[PDB]
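1. Experimental structure and sequence below.
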Amino acid sequence: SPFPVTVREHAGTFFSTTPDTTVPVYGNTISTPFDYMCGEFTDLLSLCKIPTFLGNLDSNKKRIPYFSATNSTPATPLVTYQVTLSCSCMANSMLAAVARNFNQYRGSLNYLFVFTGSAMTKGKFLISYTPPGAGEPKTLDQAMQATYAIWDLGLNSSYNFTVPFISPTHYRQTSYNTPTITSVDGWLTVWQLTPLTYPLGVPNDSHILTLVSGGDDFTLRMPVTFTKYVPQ
Amino acid sequence: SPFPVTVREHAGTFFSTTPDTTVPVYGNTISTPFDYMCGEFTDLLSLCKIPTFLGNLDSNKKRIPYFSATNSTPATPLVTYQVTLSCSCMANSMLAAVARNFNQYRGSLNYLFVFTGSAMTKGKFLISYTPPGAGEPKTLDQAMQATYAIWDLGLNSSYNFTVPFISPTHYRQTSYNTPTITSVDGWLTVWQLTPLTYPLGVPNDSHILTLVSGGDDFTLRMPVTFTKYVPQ
Amino acid sequence: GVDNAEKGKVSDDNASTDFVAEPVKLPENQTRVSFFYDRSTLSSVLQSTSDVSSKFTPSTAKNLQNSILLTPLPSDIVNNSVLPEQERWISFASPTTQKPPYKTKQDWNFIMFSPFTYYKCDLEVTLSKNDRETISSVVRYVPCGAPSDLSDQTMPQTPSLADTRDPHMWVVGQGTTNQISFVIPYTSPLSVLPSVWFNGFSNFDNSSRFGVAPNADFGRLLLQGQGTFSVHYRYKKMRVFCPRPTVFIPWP
Amino acid sequence: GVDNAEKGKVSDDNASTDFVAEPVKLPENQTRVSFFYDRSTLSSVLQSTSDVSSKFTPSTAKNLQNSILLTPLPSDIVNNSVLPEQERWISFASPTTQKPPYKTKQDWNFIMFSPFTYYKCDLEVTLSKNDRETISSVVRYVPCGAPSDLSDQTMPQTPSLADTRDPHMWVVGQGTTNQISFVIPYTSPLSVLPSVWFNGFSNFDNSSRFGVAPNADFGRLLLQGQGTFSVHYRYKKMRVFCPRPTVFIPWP
Amino acid sequence: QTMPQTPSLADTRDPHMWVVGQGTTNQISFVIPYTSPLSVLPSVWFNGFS
Amino acid sequence: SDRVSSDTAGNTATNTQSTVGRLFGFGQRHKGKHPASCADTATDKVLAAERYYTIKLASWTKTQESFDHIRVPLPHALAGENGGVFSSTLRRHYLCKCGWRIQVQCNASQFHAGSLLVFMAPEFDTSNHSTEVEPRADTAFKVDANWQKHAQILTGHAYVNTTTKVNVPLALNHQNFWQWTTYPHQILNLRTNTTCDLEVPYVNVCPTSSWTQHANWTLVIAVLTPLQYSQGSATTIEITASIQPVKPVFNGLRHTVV
Amino acid sequence: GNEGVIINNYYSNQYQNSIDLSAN
Amino acid sequence: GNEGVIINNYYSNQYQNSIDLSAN
Amino acid sequence: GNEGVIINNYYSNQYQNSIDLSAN
Amino acid sequence: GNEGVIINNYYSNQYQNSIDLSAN
């Protein structure tokens, strides 16, 4: 006999994210075999962990994947990156590209620096991560009072620096209208501890490539659409 | 094959209190961990049992959390509270605040009195609960003919008085348009048995704090919305 | 019997303590927090004058926006904000009357009765069209703190709100029943939400509006299509923490 | 600590490597490719001005055809093609504004975020009428690369699109809810589809439009009946291969 | 009304129903439990005052 | 008798001879566990910070009425120089998580009358209400210098000018003091005790606090019954408090705040 | 609270409800 | 991914979904 | 009385019907 | 006669059909 039904108040509604399927109109069809394929990946996090380039500003305000250093120790940081997946600095990194499609993140961030100067060039940098609350570090004295690692040049070319996940909340926002304590987490500044030093016949300026990616315990969640824009 | 259905006469109706759920549009989402939290409570009754302040009238018709007593024994009660969770007297107590959102109650009521006079002040009060039927008690002779307890001042500062649940019905209304035998249950009056007595150098007036709450076997039921009002 | 309130707590007695009586307790559980709040209450109203196939544009008309901030607490356009933000106080809609309606949106039942400092729950939202004219609307749900994406249409004659991967609903036709309902999970980056006040600022230069917590909501609802729609909230798996005072009521 | 990026890969560290810290990993799986793409996103729009009982005839009106090419990539009439073909670039609809809408059809969310070279999946299509007027439409689904069959009616007053064994849908009446949804299997003769670019030609005399792969779609949708309909795509059992760059975003 | 253009009857936690649209069938039905504080209700007369 | 109680904390110790016991808010204590929201290993078990910090609060006179009160924002009340090592460590850390062990003191005599309500409240508005000005970093978390009246908070206090106030019936910083007794508390009844002992765990909207922006806990002393005494009795009646941060844990070491 | 249906929920528990998890 | 229904699919797996097959 | 359905009630017995209880 | 449904009748047999009874 027919079953009595109570039509809910949302009849006919199309839920773009309902966790259910719809009617198949061309079933019993074989999906063209692709067993020969390679390169498949199943988690978008894989992408977030691939170190990608940061956009630094050239002397002519042009965007370049590195910063310069020479035979001197500035009283100010060579570069300053605000730790937000919203930083214009990492706007075109795979990390940010993926994060733009998610609401929150959690975990470590890896800032990879690759020294491209000559083999004869030496020097030491102090990479610091300053948590918020007391503002951006104004001096080396302040920067070294927070989380930091000293990078010494030599045989190995790069330094993998991790910005520890230090937050009042378990998750942090990927973007924001105005900075809040849940969307902005401090700064990463790299200072010149000792001047880049070298012999004669070597260009005064050395270029350090800069990249970012999510660390080992980095995660993103809540799929969303980012603010649309016109390509150019 | 498709199932025959009989669409009930209430199709499309939105039942605000249907005991069923609706469609999830963003599932497989983790609720931000909060295991570190404390202070959680699961029953609103917990609140009803917390003794909260009664609003007594000041000589200038101002509302105060206590009443006065001195070296004399008035022929009339110092205070009179009609036992109704609707009493203007307990209007701002947590008990009444919660009860306003429920239809009926049942069980004991606790009226807590705290003597705030000096340590040198002594005295005895007769707290009486008069069930209805013969009207409010006009004299001490009448008051002591109903349920009562004699409160003697001393080392212990407060007296926890219980208004027994005496009713023709198992449950009683929380509010009413006009008083009925199921919404009004008598009066609680506190009399001065012996005058407050004290030595020289002590202020003549002593203040007794007054509070209410549901007793050990107190319960409320049937969630409802109280008569709205404009805050001020 | 005697006791000492200064201790911070006194016993919960019944008639048997002082008198010749018996406990009279009867089982009851309609006072449980989860049960009490697990029911739909009017909490907001929405209005749109633009069609489905058009670009969504934030608008206000007699105190009604075409988007909503999902929170039981008072919300409204604050200091010319693009979209509704959480308010810190309630105001009358009329500058004269000194009587409601209020210009701010909220679950009156929640505001008038929220004897706790923090709360945790999922949100069941119900959206209903205020008249019987056949519905034709598109609603976009944006998780707590996520981008609003108030962009242009990328294709002609399409509802811009549907141009997203965000959860969105589309109801239209004479077969429908002019309403929409769904449930969303708690999405705030906060562990628990402040139910009344937040004694602090939301930014590092402490310039925000003191009293409002950062990202203390369940997201937002943007709507396009003709009509005025009322909104209900139902608190699923409701959990509350730290008992606190209820809104004061004028002395009778 | 130190490393050498020239190797082609460096370790994924957490705070414990260089400092006195602990891993802080929490389980999460909303980043899985299958889950991420398993949701409906606006991907196309369709428009028809001819009735159901008539002969279907390819038409364009202000950049809207009455047929669609099922592919998340940009598609549109290319060099006066009879039906929409896959494009190689996106153009603004307006010759002046320099602002969207675009004249080309696509899943903006897919184009803006497709960090892979190839993909495999089934397609859940949703078709919605842009207004509340009672629907009366017939849609014909044509498998990838199959004959379009834009023939005359074989019988008077019948929808020519329904005159086929191809999967077709017919919705009409006040009992309906002005929409259609269904899922089709991957039908391309290719094992996997190119998600962005195809570095080659599709014919043996290499005269085709370089950059477009042969039969890289899920078929087409032809529609007849009055109205404008928006289309959504939902990628079922989505699988992706070979990571690649995302669309560049202007520097803030 | 506490908010403009909203049904005041729905502005409650009390059980309420809302039906509207051409998909509906112009009726409402539901069942409520006995809620009186009385054990049993008088079917005809009540020989007394309230 | 059994009312003599001593409590040690680091190099400090409180003593009372009229205690009515210690009340544990929510029946919980801060155990000092590190916040799971921080990867850096927290700095904790700092003996020099796990002690009682004693400060004078206010003078109680006959002019105070029921519900007039004094507020003590936490941890801010101790973020100054007098906060010792708790302060100096706090100022150099982004986050702090802790509970509170408190004893408020106030003696009079067997001939004085009156009572106070001593309680701890989370998310209790500590902003200035004697103005329509927006609360700022240096005016929102300060220990009250004067007794606060009660009328202006029943329905809250909007930071808007007096004429607008008319169309604003309720503000979210409202405090129905008639129910202030629902907060973990104790009563200081002059005839009974001269001290109140409370302790509350850590509660907040998140695992640990960015204290520079938030004073999650507030110690409040409100009069319940006005002070009374006859000619000849001591007229100076003062209120004091010993505040101890319970097992504070710090994360996000950085340069100090100014 | 207000769960009065005999048959199990049609949607998974992980989808119908927010997933509760302890960070410790 | 986004499969949160308790009861099994009403349509066969071979009809609801494309049939995956290996050519080797 | 007038209970002629084979399959059990969709709503719990405690919700579909008033809960009968004895005070003794 | 014309009873071709697999699943049992939703309504009780005593309600769906007239109750046949013998007076002897």
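-> Everything's here; your move. Numbers count the residues shown, from 1 in each chain, chains lettered A, B, ... in the order given.

2. and whichever residue of chain A sits closest to chain F, what are its phi and psi?
-> Nearest residue of chain A to chain F, counting by Cβ to the nearest Cβ: residue A:131, 3.5 Å away. For the C-beta atoms, the positions are set from N, CA and C on the backbone; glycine is no exception. Per-residue torsions, residue A:131: phi -70, psi 160 (degrees, to the nearest 10).

3. so how far is residue F:39 from it?
-> Shown here: residue A:131 relative to residue F:39, a distance of 11 Å by Cβ to Cβ, to the nearest Å.

4. any residues in contact with both of those two?
-> Overlap of the contact sets of residue A:131 and residue F:39 (by Cβ atoms under 8 Å, 6 or more residues apart in numbering or on different chains) consists of residue A:166.

5. Relative to residue D:13, how far out is residue A:104?
-> Per Cβ to Cβ, residue A:104 is found 21 Å from residue D:13.

6. Then residue F:159?
-> As judged by Cβ to Cβ, residue F:159 and residue D:13 stand 47 Å apart.

7. that's a strand at residue A:47, yeah?
-> No: going by DSSP: H, G, I helix; E, B strand; the rest coil, the assignment for residue A:47 is helix, not a strand.

8. Contacts only, for residue 24.
-> No chain specified, so I'll use chain A. Residue A:24 touches D:182-185, H:11, H:15-17, counting by Cβ under 8 Å, 6+ apart.

9. could you do chain G instead?
-> So, once contact is read as Cβ under 8 Å, 6+ apart, residue G:24 ends up touching B:35-36, F:33, F:36.

10. let's go with 6 Å and repeat that
-> When contacts are counted by Cβ atoms under 6 Å, 6 or more residues apart in numbering or on different chains, residue G:24 is found next to B:35, F:36.

11. And residue F:198, by the same measure?
-> F:23, F:102, F:120.

12. how does it look with 10 Å?
-> C:8, F:22-25, F:100-104, F:118-120, F:183-186, F:219 (Cβ atoms under 10 Å, 6 or more residues apart in numbering or on different chains).

13. Then residue A:32?
-> By Cβ under 10 Å, 6+ apart, residue A:32 lies in contact with D:120, D:144, D:185-193, H:18, H:20-21, H:23.

14. how far away is it from residue D:240?
-> 16 Å.

15. cool, residue F:70 as well?
-> If you measure residue F:70 against residue D:240 using Cβ to Cβ, the figure is 63 Å.

16. Those two - which one has more neighbours?
-> Shown here are residue F:70 and residue D:240; by other Cβ atoms under 10 Å in any protein chain shown, residue D:240 has more neighbours (26 against 23).

17. how about residue 98, secondary structure?
-> Picked chain A for this. Classification of residue A:98 using three-state DSSP returns helix.

18. meant chain C actually
-> Classified using three-state DSSP, residue C:98 is coil.

19. Those residues of chain G touching chain F, which are they?
-> G:22-24 (Cβ under 10 Å from any Cβ of the partner chain).

20. OK, contacts around the residue of chain A closest to chain F?
-> Taking Cβ under 10 Å, 6+ apart, we find residue A:131 in contact with A:83, A:146-147, A:163-164, A:166-167, A:185-187, F:38, F:40, F:93-95, F:210, F:251-255.

21. Spatially, what comes nearest to the residue of chain A found nearest chain D if we skip its sequence neighbours?
-> Here the residue of chain A nearest chain D is residue A:12; by Cβ to the nearest Cβ that distance is 2.9 Å. Spatial nearest neighbour of residue A:12, excluding adjacent residues (Cβ to Cβ, 6 or more residues apart in numbering or on different chains): residue D:177 at 2.9 Å.

22. how much space between that neighbour and residue B:2?
-> Taken as Cβ to Cβ, the span from residue D:177 to residue B:2 is 17 Å.

23. In contact with the closest residue to chain I within chain G, which residues?
-> Closest approach between chain G and chain I, counting by Cβ to the nearest Cβ: residue G:4, at 3.0 Å. Residue G:4 makes contact with B:18-20, I:9-16, according to Cβ under 10 Å, 6+ apart.

24. Identify the residues contacting residue A:189.
-> Contact analysis of residue A:189 by Cβ under 10 Å, 6+ apart lists A:76-82, A:126-130, A:136-137, A:140, A:142-143, A:146, A:148.

25. Equivalent analysis for residue F:176, please.
-> Listed by Cβ under 10 Å, 6+ apart, the contact partners of residue F:176 are B:52-53, B:92-94, B:97, C:115, C:244-249, F:153-155, F:182.

26. need the residues of chain A near chain J, please.
-> A:1-4.

27. Provide a list of residues in contact with the residue nearest to residue C:92 when sequence neighbours are not counted.
-> Closest residue to residue C:92 apart from its sequence neighbours, by Cβ to Cβ, 6+ apart: residue F:167 at 4.9 Å. Residue F:167 makes contacts with C:89-98, C:102-103, F:158, F:160, as judged by Cβ under 10 Å, 6+ apart.
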